[PDB]
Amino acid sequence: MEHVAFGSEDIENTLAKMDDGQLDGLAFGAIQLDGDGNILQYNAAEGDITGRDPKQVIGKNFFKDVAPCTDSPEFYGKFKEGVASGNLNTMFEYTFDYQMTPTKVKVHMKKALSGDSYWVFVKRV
C-alpha cells in the first residue's frame, strides 16, 4: 500500500510523483479529470467501490457518462467552481448509485499539479 492518507494537506504533491501502479496502491479511490470532466486516471481502489474497470473508463466523461448522479450543483457545481477559480480544494459527503449499489462516500476534490488536471478522491463512509 502507498503511504498516503485521504484528505492529506499535501496530497497533490505526493500523487504528482506517482505512476499507475503506485496510484493503484492507494487506500482510497482516486480519479484524475481534466477541466471538462474527462477521465485521465482512475485507480484500482475506486473500481473496487464502483465496479468500473479502471482500464476502460479512461477517456470517458465522469459527469456525462460514468457518474450522472454527480451531475448536480452539489458535486459537478463545486468542481466547476473550483476549476474556474484555480484553487479547487473541497470535501463533502455524497451517495454514488448509478450502476452500483448505493454507496455512501466522502469526496475530496483537489487541483492537481499538472496542467488542466483535477483530482477526485473517494472513500467509503
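Throughout, we count residues from 1 along the sequence that is shown. Take the two forms, find the largest set of C-alpha atoms that superpose within 1.5 Å, and that set is the rigid core.
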Report the stretch with the higher root mean square CA deviation, pooled over structures and residues in 8 other deposited structures of this protein, choosing between 41-49 and 93-101 after a rigid core fit. 93-101
Please work out whether 69-77 or 26-34 has the higher root mean square C-alpha deviation in 8 other deposited structures of this protein relative to the shown form, with the rigid core as fitting region? 26-34
Pick between 95-103 and 74-82: the one whose mean CA B-factor in the entry is higher. 95-103
Assert higher mean C-alpha B factor (115-123 or 2-10, deposited values) equals 2-10
Looking at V66, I58, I49, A30, which one carries the largest C-alpha B-factor according to the PDB entry? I49
Third of the chain's Cα B-factor distribution that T90 belongs to, per the entry: middle
Taking the entry's C-alpha B-factors for this chain, is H108 in the lowest, middle or highest third? lowest
